[PDB]
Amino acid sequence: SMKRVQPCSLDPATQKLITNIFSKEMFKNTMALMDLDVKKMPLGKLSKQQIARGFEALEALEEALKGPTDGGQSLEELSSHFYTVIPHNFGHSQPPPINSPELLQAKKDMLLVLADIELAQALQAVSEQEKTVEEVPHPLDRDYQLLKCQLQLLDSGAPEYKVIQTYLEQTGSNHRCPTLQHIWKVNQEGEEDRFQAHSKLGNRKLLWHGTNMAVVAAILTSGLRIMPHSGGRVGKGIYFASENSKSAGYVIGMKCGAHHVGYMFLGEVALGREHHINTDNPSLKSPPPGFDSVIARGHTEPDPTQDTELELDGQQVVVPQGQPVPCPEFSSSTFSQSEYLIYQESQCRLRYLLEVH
């Protein structure tokens, strides 16, 4: 007969977060923003098979792009097949040909977001145990438990609160300053074991990772990942910034009522011996031999003399506290702001999640 729904155990802020990151409207908004046809590709219709087939179309396009003219299919023809697999919407005009490396990576980045949307759908599937029991958790407790990631809301007087607020305020944009609403301490267990492997590795820094809302659930469940087909200015790794304003550019938020809500992570990254670069290298898949990280160095860096430390699981972790200052050694760099790169998932541990407006 009628199953009982148990009261929610979660505080209001965490309830709102959980509502936001599993929101169907949000997921569909993200798809429409990536030019996808949500009518032809419903959320409940998304499959891993479809996404794999899309990546296979992009791989064929990549091969056609990298040359030469070998008498294969045209770029228009191979685009047309991609759009059969992954329906796009451009006001019912024909979609554009995927005919440049820039556009190709954009379609790769899109499919990676769609893969993390699919993940959140699959995660929500009702299990057979859940159908037999006569009392069920509040839907938000259920969704929270699916993450298998401990979240703890921080209050104003938490040991790290002011340190994190200062990091945000001092390294964020001077005019378009993102407003802190909430901070959660993040404990994704199953990250801990692989992270402990790097315990001898010094040079740890708390670094920003801005993200769109559509991939937050996947990150909470899985950690920050190096996905096949991922890339960027410093190659195939996980990207962090010491400047909030740099990471805030990657925060795709959503309109709530009269405000715009978005999410940013702080990860503890074991950088070890750093290799500094000053020119883009999209082909990097690891640091040079003897290095543990690659730092694309910017014209500016948060004033190192203002750096502080937090103790996280018995380790000292550098947290920038200073406004960006010019670095004369990197004044001719192709990077205005630094991008911090690691090339294995175990060198980072999620530590904090911030809600910003």
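Note that residue numbering follows the sequence shown and begins at 1.
Notably, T69 is an intermittent gap: at least a third of the other compared entries of this protein, restricted to those modelling both its neighbours, have no coordinates for it. Once the C-alpha B-factors are averaged per stretch, 280-288 and 255-263 rank with 255-263 first.
With 172-180 and 244-252 compared on mean CA B-factor from the PDB entry, the stretch scoring higher is 172-180. Take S222, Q94, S230, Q165 and read off each C-alpha B-factor from the entry; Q94 has the highest.
Set against one another, the Cα B-factors of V136, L114, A197, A217 in the record reach their highest point at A197.
When the CA B factors of the chain's modelled residues are split into thirds, the value for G190 lands in the highest one. Among all modelled residues in this chain, the alpha-carbon of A296 has a temperature factor (C-alpha) in the lowest third. The PDB entry assigns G67 a C-alpha temperature factor belonging to the highest third of its chain's modelled residues. Ranked by C-alpha B-factor against the other modelled residues of its chain, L147 falls in the middle third. The entry lists a Cα temperature factor for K107 that places it in the middle third of the chain's modelled residues.
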